[PDB]
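What follows is a short report on a single structure.
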Amino acid sequence: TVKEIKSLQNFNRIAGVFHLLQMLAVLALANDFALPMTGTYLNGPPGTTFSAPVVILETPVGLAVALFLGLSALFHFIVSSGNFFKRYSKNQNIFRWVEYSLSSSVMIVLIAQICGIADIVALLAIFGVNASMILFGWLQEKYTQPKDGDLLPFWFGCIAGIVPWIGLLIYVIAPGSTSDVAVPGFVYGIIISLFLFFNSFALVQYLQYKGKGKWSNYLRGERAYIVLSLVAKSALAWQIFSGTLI
Amino acid sequence: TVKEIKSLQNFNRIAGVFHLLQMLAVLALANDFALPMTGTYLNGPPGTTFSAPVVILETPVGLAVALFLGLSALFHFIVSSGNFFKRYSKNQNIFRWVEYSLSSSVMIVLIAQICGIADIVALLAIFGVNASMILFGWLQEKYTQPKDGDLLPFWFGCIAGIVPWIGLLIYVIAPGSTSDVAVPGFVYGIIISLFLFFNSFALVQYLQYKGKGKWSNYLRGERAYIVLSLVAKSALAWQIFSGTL
Ligand SMILES: *C/C=C(C)/C=C/C=C(C)/C=C/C1=C(C)CCCC1(C)C
Ligand SMILES: *C/C=C(C)/C=C/C=C(C)/C=C/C1=C(C)CCCC1(C)C
Ligand SMILES: CCCCCCCCCCCCCCCC(=O)O
Ligand SMILES: CCCCCCCCCCCCCCCC(=O)O
């Protein structure tokens with residue numbers, strides 16, 4: 001109903017306000033914590049020798065955390081004018097796909113650096129393939145309705161989506177570890193929680209397109225997504241905050 | 001026409017054979033050259049320090065070459081029994097997409113390792129995002145025809161596609177170079193040649209769905225893909241062969 005549409009304008013505006021408040025809070029309180037992006041270039045032939053790692057760029061973590069919070073705050077304020085409905089008049093939500101393409105990619109990169117993924121190409125590619133996951137979900141919503149035909153776009157998203165995490169799992173397990181590799185307790189919590197949040201985002205899409213009575217109303221799904229952006233970003237933002245100090 | 005389809009059954013079988021002959025050549029003559037995939041794991045917390053880089057897995061390059069050649073050989077022989085024909089009886093070719101999803105990801109990973117990219121997660125991710133490019137192109141053929149709405153999967157693919165080349169450029173330019181860094185001339189040849197070949201694959205897809213007079217025959221596009229797959233995989237296979245042996 002349009003009455004639900006109206007509640008969504010108010011709902012988004014509040015979601016944005018919470019993201020905005022936390023963004024400012026982090027900006028006020030966070031220290032100057034930075035993580036490295038490096039390159040290990042060749043000293044010659046491909047399989048002969050490598051030049052020692054050079055730090056190309058560093059990531060100001062507090063600003064980066066504020067950044068993905070800022071992206072949600074911003075997009076919710078844009079949406080609050082009723083534009084997402086104006087783009088309907090099932091529904092489709094491009095605003096969300098653009099927002100997530102940016103913010104979920106910003107934050108998966110943070111998680112990687114936290115694990116120890118320093119290489120600049122790795123972090124770039126992870127950002128790219130995470131964006132692909134979001135863009136596949138967008139294509140699901142663009143070309144199909146809640147019917148059998150939505151399978152592929154979704155599952156292509158799952159393929160692009162699962163990879164980043166597999167990379168993290170490699171570093172968490174550390175196949176080449178020589179016993180001096182310790183992963184912090186707060187890191188393990190960040191990975192698990194955020195992984196479980198990413199799974200629920202996939203779950204919303206699935207159920208929404210599967211068509212379960214409850215989720216036959218697109219707007220229940222829309223609202224559930226908005227909460228997940230809010231809860232998952234908050235969770236990571238304050239876990240990293242606490243962990244930076246720990 | 002169905003006549004053209006039968007011609008394509010032969011054309012694939014011949015292309016497959018050309019891929020197979022080059023595969024077996026490499027397997028016969030190639031060295032035991034291999035490139036490392038590494039992990040540089042943290043010792044402690046994020047901002048402390050790192051443990052020495054460890055080689056997790058090394059890539060047998062000759063075999064990796066035979067792998068993307070063989071995969072093409074394999075799918076061309078499969079197709080040659082007249083399976084893809086059902087899309088005519090613009091069409092679709094998911095044998096292409098399944099094949100390319102694998103074989104071109106194998107070969108882009110090789111190029112990365114040739115450039116000095118060794119981080120196992122980087123190479124994992126590059127592979128993943130290259131597959132995403134192919135899968136976007138698949139979706140272009142699945143849900144669209146020669147109409148405006150065809151563009152979006154294509155452009156999503158272009159984005160996912162360029163990300164690997166951006167990474168390669170980082171290692172070629174070497175922003176943090178301290179003057180001891182050097183890249184072999186043959187690597188510049190590999191990158192430029194294959195980069196143009198990857199661009200032309202997109203060019204075909206574009207012109208085919210753009211509906212340019214010539215390319216309004218879907219099977220003309222198909223023939224282009226068969227030739228490009230052959231030449232681009234060949235070009236890389238032998239440039240690597242020359243440079244590693
Ligand atoms: C702050 C916003 C966040 C963390 C949004 C994350 C979005 C997801 C993890 C979406 C994932 C999807 C799948 C895994 C399958 C394809 C459909 C999506 C885009 C809903
Ligand atoms: C051996 C086969 C190879 C090297 C195939 C390469 C395929 C591509 C580079 C396809 C690229 C595409 C775009 C860049 C846009 C999206 C559509 C595609 C898949 C045609
Ligand atoms: C399209 C993404 C490019 C990157 C920068 C985008 C900044 C966000 C702009 C808001 C997009 C909201 C949806 C707009 C829908 C439309 O294009 O008509
Ligand atoms: C390496 C030199 C070229 C290899 C030649 C491969 C030929 C494969 C195609 C088989 C031709 C027979 C096709 C049967 C029907 C027909 O000719 O129309």
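All residue names refer to the structure tokens as shown: chains lettered A, B, ... in order, residues numbered from 1 in each chain, ligands numbered from 1 in order.
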Sorted by chain and rising residue number, which residues of chain B lie within 6 Å of chain A, and what are their closest atom pairs and distances in Å to one decimal, counting only C-alpha atoms, as a tab-separated table?
```
residue	atom	partner	partner_atom	distance
B:35	CA	A:47	CA	5.6
B:41	CA	A:116	CA	5.6
B:42	CA	A:116	CA	5.2
B:43	CA	A:181	CA	4.6
B:44	CA	A:182	CA	5.3
B:46	CA	A:114	CA	5.1
B:54	CA	A:176	CA	5.6
B:56	CA	A:176	CA	5.5
B:114	CA	A:46	CA	5.2
B:116	CA	A:42	CA	5.5
B:121	CA	A:167	CA	5.0
B:122	CA	A:122	CA	3.6
B:125	CA	A:125	CA	5.5
B:126	CA	A:125	CA	5.7
B:129	CA	A:129	CA	4.7
B:167	CA	A:121	CA	5.1
B:176	CA	A:56	CA	5.7
B:181	CA	A:43	CA	4.8
B:182	CA	A:44	CA	5.4
```
Now that the selection is made, can you save its residues with N, CA and C atoms as a compact mmCIF listing (two decimals), in the first residue's frame?
```txt
# COMPACT_ATOMS: atom_id res chain seq x y z
N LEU B 35 55.25 -20.94 -10.71
CA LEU B 35 55.16 -19.67 -10.02
C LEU B 35 54.42 -19.79 -8.68
N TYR B 41 50.86 -13.52 6.42
CA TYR B 41 49.92 -13.52 7.53
C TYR B 41 50.40 -12.63 8.67
N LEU B 42 49.46 -12.02 9.39
CA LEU B 42 49.81 -11.23 10.57
C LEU B 42 50.40 -12.08 11.68
N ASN B 43 51.37 -11.51 12.39
CA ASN B 43 51.87 -12.15 13.59
C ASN B 43 50.89 -11.96 14.74
N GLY B 44 50.44 -10.72 14.92
CA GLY B 44 49.50 -10.39 15.95
C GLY B 44 48.31 -9.61 15.43
N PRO B 46 46.06 -6.40 13.84
CA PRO B 46 46.13 -5.70 12.54
C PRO B 46 47.26 -4.70 12.33
N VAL B 54 54.96 -16.86 2.92
CA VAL B 54 55.08 -18.30 2.75
C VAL B 54 54.42 -18.72 1.44
N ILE B 56 52.34 -21.04 -0.50
CA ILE B 56 51.32 -22.02 -0.17
C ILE B 56 51.23 -23.07 -1.27
N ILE B 114 52.80 -13.90 -13.77
CA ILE B 114 53.91 -13.46 -14.60
C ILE B 114 54.36 -12.05 -14.21
N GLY B 116 54.26 -10.75 -11.19
CA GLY B 116 54.72 -10.65 -9.82
C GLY B 116 53.61 -10.75 -8.81
N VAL B 121 45.20 -14.69 -2.19
CA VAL B 121 43.86 -14.12 -2.13
C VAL B 121 43.62 -13.21 -3.32
N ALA B 122 44.66 -12.46 -3.70
CA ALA B 122 44.59 -11.65 -4.91
C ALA B 122 44.28 -12.52 -6.10
N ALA B 125 40.75 -13.86 -5.89
CA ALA B 125 39.78 -12.81 -6.19
C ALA B 125 39.78 -12.42 -7.68
N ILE B 126 40.97 -12.24 -8.28
CA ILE B 126 41.06 -11.94 -9.71
C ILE B 126 40.30 -12.98 -10.51
N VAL B 129 36.55 -12.40 -9.94
CA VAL B 129 35.94 -11.26 -10.61
C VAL B 129 35.94 -11.44 -12.13
N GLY B 167 44.68 -3.97 -11.58
CA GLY B 167 45.68 -4.60 -10.73
C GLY B 167 47.01 -4.85 -11.43
N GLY B 176 55.41 2.19 -5.88
CA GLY B 176 56.36 2.24 -4.79
C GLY B 176 57.75 1.77 -5.17
N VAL B 181 63.44 -2.50 -9.11
CA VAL B 181 62.33 -3.19 -9.75
C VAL B 181 62.47 -3.18 -11.27
N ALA B 182 62.20 -4.33 -11.89
CA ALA B 182 62.27 -4.44 -13.34
C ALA B 182 61.28 -5.48 -13.84
```
- Would you mind listing what lies within 10 Å of stretch 94-101 of chain B as a ChimeraX atom specification, with only C-alpha atoms counted and same-chain residues fewer than 2 positions away left out? /B:68,71-76,78-79,83-84,92,103-106,127-139,141-142,222,225-226,229
For the residues in the current selection, export C-alpha atoms as a tab-separated table (two decimals), in the first residue's frame.
```tsv
chain	number	residue	atom	x	y	z
B	68	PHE	CA	43.00	-23.43	-20.76
B	71	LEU	CA	39.25	-26.69	-21.81
B	72	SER	CA	38.60	-25.04	-25.17
B	73	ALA	CA	39.41	-28.30	-26.96
B	74	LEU	CA	36.94	-30.05	-24.64
B	75	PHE	CA	34.02	-27.67	-25.11
B	76	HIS	CA	34.45	-27.46	-28.88
B	78	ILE	CA	31.11	-31.23	-26.91
B	79	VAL	CA	29.39	-28.53	-28.99
B	83	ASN	CA	23.68	-29.37	-28.89
B	84	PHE	CA	23.91	-25.56	-29.16
B	92	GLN	CA	22.42	-17.95	-26.63
B	103	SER	CA	39.63	-20.93	-19.28
B	104	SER	CA	39.92	-17.13	-19.33
B	105	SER	CA	40.22	-17.05	-15.57
B	106	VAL	CA	43.02	-19.60	-15.74
B	127	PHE	CA	39.80	-15.33	-10.83
B	128	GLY	CA	36.47	-14.69	-9.13
B	129	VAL	CA	35.94	-11.26	-10.61
B	130	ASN	CA	36.95	-12.45	-14.11
B	131	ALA	CA	34.31	-15.18	-13.81
B	132	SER	CA	31.79	-12.50	-12.75
B	133	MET	CA	32.52	-10.65	-16.02
B	134	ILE	CA	31.72	-13.79	-18.02
B	135	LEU	CA	28.57	-14.42	-15.98
B	136	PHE	CA	27.34	-10.88	-16.61
B	137	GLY	CA	27.75	-11.48	-20.34
B	138	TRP	CA	25.81	-14.72	-20.00
B	139	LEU	CA	22.97	-12.72	-18.40
B	141	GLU	CA	22.27	-13.14	-23.66
B	142	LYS	CA	19.76	-14.72	-21.26
B	222	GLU	CA	29.63	-16.91	-33.00
B	225	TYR	CA	34.17	-15.87	-30.77
B	226	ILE	CA	35.53	-19.18	-32.07
B	229	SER	CA	39.16	-17.88	-28.47
```
- Task: Fewer than 4 positions away in the same chain doesn't count, so skip those; otherwise give me all residues within 6 Å of residue B:120, counting only C-alpha atoms, as a ChimeraX atom specification.
- Result: /B:37-38,124
- Message: List as number ranges by chain the protein and nucleic acid residues near stretch 191-200 of chain B, meaning an atom at most 9 Å away when only C-alpha atoms are counted, but skip any in the same chain fewer than 6 places from it.
- Response: B: 111, 161, 165, 168, 228-229, 231-233, 235-236
Selection to disk with N, CA and C atoms, as a short mmCIF file (atom, residue, chain, number, x, y, z; two decimals), in the first residue's frame:
```cif
data_model
loop_
_atom_site.label_atom_id
_atom_site.label_comp_id
_atom_site.auth_asym_id
_atom_site.auth_seq_id
_atom_site.Cartn_x
_atom_site.Cartn_y
_atom_site.Cartn_z
N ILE B 111 48.76 -14.53 -16.19
CA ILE B 111 49.30 -13.20 -16.49
C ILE B 111 49.64 -12.45 -15.21
N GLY B 161 35.34 -6.72 -15.53
CA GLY B 161 36.45 -7.10 -16.37
C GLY B 161 37.67 -6.22 -16.20
N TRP B 165 42.80 -5.83 -14.89
CA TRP B 165 43.78 -5.10 -15.66
C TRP B 165 44.29 -3.91 -14.87
N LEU B 168 46.95 -5.36 -12.66
CA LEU B 168 48.16 -5.60 -13.44
C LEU B 168 48.92 -4.31 -13.64
N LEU B 228 38.53 -15.75 -32.07
CA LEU B 228 39.20 -15.05 -30.99
C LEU B 228 39.64 -16.01 -29.90
N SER B 229 38.77 -16.94 -29.52
CA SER B 229 39.16 -17.88 -28.47
C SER B 229 40.44 -18.60 -28.87
N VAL B 231 42.80 -17.69 -31.27
CA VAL B 231 43.96 -16.82 -31.43
C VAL B 231 44.46 -16.24 -30.11
N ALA B 232 43.54 -15.76 -29.27
CA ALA B 232 43.95 -15.19 -27.98
C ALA B 232 44.57 -16.24 -27.07
N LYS B 233 44.01 -17.45 -27.03
CA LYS B 233 44.60 -18.49 -26.19
C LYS B 233 45.93 -18.93 -26.76
N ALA B 235 47.99 -16.99 -28.74
CA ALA B 235 48.91 -15.88 -28.52
C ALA B 235 49.51 -15.95 -27.12
N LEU B 236 48.66 -16.10 -26.10
CA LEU B 236 49.18 -16.20 -24.75
C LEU B 236 50.02 -17.47 -24.55
#
```
- Task: Can you work out which one of B:109, B:55, B:159, B:219 has the shortest atom-to-atom distance to ligand 3, counting only C-alpha atoms and all ligand atoms?
- Result: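 Going through B:109, B:55, B:159, B:219 one by one, the smallest distance to ligand 3 is for B:159.
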- Message: If the limit is 8 Å from any atom of ligand 3, counting only C-alpha atoms and all ligand atoms, which residues qualify? Return them as an NGL selection string.
- Response: :A and (75 or 78 or 87 or 94-95 or 98-99)
- Find the residues near ligand 4. Use a cut-off of 9 Å, count only C-alpha atoms and all ligand atoms, and write them as a list in words. residues 6, 7, 9, 10, 11, 12, 13, 14, 15, 16, 17, 18 and 21 of chain B
- Query: Can you tell me which residues sit at most 9 Å away from ligand 1, counting only C-alpha atoms and all ligand atoms, written as a PyMOL selection string?
  - Reply: chain A and resi 68-69+71-72+96-97+99-105+107-108+130-141+153-162+194-195+197-206+225-226+228-234
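Among the candidates B:202, B:26, B:169, B:227, the residue lying nearest to ligand 2 is B:202 (atoms considered: only C-alpha atoms and all ligand atoms).
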- Task: Using only C-alpha atoms and all ligand atoms, pick whichever of B:183, B:166, B:158, B:172 has the shortest atom-to-atom distance to ligand 2.
- Result: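 Among B:183, B:166, B:158, B:172, it is B:158 that comes nearest to ligand 2.
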